[PDB]
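These protein sequence lines map, in sequence, to chains B and A. Residue 215 is where the first sequence ends in the entry's author numbering, and the numbering goes up by one at each step. Residue 39 is where the second sequence ends in the entry's author numbering, and the numbering goes up by one at each step. See structure below.
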Amino acid sequence: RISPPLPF
Amino acid sequence: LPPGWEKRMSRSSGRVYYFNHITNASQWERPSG
Numbered sequence: 208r209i210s211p212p213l214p215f
Numbered sequence: 007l008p009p010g011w012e013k014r015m016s017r018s019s020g021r022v023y024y025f026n027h028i029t030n031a032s033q034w035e036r037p038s039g
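Below, the structure written as structure tokens:
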């Protein structure tokens, strides 16, 4: 539910 | 990396991403570059 997009 | 940086398992890729709650920032990619 809380998953991050990668900065690259 | 500061104590606030934990290595936590991410959902989609099943990846060990660095999550920090002091900055509230989240980095799959390495925080130190």
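The beta carbon of each residue, even a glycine, is placed where N, CA and C say it ideally should be.
Straight-line CA distance for residue i to residue j?
i             : j             : result
residue 11/A  : residue 36/A  : 11 Å
residue 210/B : residue 39/A  : 20 Å
residue 25/A  : residue 215/B : 16 Å
residue 29/A  : residue 7/A   : 12 Å
On the three-state DSSP scale, how would you describe residue i?
i             : result
residue 210/B : coil
residue 11/A  : strand
residue 16/A  : strand
Grab me the residues of residue i's own chain with a C-beta within less than 7 Å of its C-beta, minus the 5 sequence neighbours each way, in chain order.
i            : result
residue 16/A : 23, 34
Cutting at 8 Å between CB atoms, please list the residues of its own chain near residue i, excluding the five before and the five after it.
i            : result
residue 19/A : 34
residue 32/A : 23, 24, 25, 26
residue 21/A : 15, 34
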